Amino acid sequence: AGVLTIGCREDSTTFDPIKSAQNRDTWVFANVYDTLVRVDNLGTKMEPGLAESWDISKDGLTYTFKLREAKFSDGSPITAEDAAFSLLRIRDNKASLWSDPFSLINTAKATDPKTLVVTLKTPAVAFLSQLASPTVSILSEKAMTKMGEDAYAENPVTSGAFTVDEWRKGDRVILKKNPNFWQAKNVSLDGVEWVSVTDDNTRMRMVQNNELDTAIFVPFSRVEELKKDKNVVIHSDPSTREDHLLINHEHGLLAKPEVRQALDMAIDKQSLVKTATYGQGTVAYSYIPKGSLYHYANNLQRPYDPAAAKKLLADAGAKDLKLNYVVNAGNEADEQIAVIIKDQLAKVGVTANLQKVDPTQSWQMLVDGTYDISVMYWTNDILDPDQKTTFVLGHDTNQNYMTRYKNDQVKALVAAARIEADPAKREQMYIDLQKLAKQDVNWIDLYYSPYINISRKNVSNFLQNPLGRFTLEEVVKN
């Protein structure tokens, strides 16, 4: 009691925001640190965070933030030098996964402890939306310098509602209420535990047996029956989520656009999404999630056409194509989808060999390239297409969501669209990016879907906002 347990799937890897692009981390330390700006619960606008106000230069190059009075968890104050230190290591640290979107930072300096001044190399409208991401969580410069970044990442001094009280790697992360948080008065919970439970049904049974207060990732097959269960509440929260089939373009004949186009034409999207998501998903046709900024509703959907897929593969030397399909065991959708894709690809002479793995282990296999195809997903945590575009199409250190997709026109277009000042031309550039990615088959878009989570009836205000952030500060456990 007083502690909210949350069953999750993938487990924490770090509390240093620059070192992870995964929700197993960002959804956890989003309630551990605070940010200069925040996004409201409906994901529509920016709101004050650690910064109570801000002003932008006329030349759009100087961003000045007025910090409110706030403390870190260790009692020390939150100063503009702390924020300056945080922004700049995203740009400059060797281990940062986000150097590319933050390469446009000329300087960040504190003119005085309350005032932060960031100047960019060129204007970029996304910069303010960027400051709401948990990636720009404000860390304590003094203590990072004191402890070093390796120890800080395992027991941080935090600026948000909770501290990391203990961390059993691969098992659970136990957060304790931070009494120095500037909104600590609003925080009812004494603590939060993220418990990794990699089997969907086991996670659900644990909620229903009162072994967990809440869980994320309700398996689609059970949403309907659980909605009728009086002891629990299914949440279906508006999201920026999209699921997709990754393709490793480095792996032989998968480099040929025709082979990837053939795979796209051999997978019946409507049938797949209806069967595997039990009607909860919406067929996806663009890498930008439907409802998010610049989403292009008339992007190409290749109709199911196995005859043309067979000819494309034959013309390309890939008639007998065999694929290493990495599958996350215990992820019901992942498993169901793999059976459908395997069955459908077999109709065009393609053999998908399923390799079932621990869901906590597959991401590293994507990074290392030890896969031909594998389903994964993405959620935005800012209100701008530049974050997903850079990770998925930017040709940055992440290798285009680990596909190794390469298109020189796209790489340049991503950088141009970032700094485009004309909003009407910026929109057209993100439309062309959705078009070009689809022409090339960077990956196979599968479906959009809400966040579907579950909580026992006594838990109040267990909302995940569209940017993935759980309103753990508003939660009341009755």
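Heads up: residue numbers just count along the shown sequence, starting at 1.
For the two regions 104 to 112 and 295 to 303, the entry's Cα B-factors average higher over 104 to 112. Taking the mean C-alpha B-factor of each stretch as recorded, 215 to 223 and 135 to 143 are not equal, and the higher mean is that of 135 to 143. Remark: of 332, 268, 258, 74, 74 shows the highest value [criterion: C-alpha B-factor in the PDB entry]. Residue-level inspection of the entry shows that, of 395, 235, 205, 168, 168 has the top Cα B-factor.
Among the modelled residues of its chain, residue 336 has a C-alpha B-factor that falls in the lowest third, as given in the PDB entry. Compared with the other modelled residues of the chain, the Cα B-factor recorded for residue 65 ranks in the highest third.
For residue 26, the recorded CA B-factor ranks within the middle third of the chain. Only modelled residues enter the ranking.
In this PDB entry, residue 99 carries a Cα temperature factor that places it within the highest third of its chain's modelled residues. The entry lists a Cα temperature factor for residue 264 that places it in the lowest third of the chain's modelled residues.
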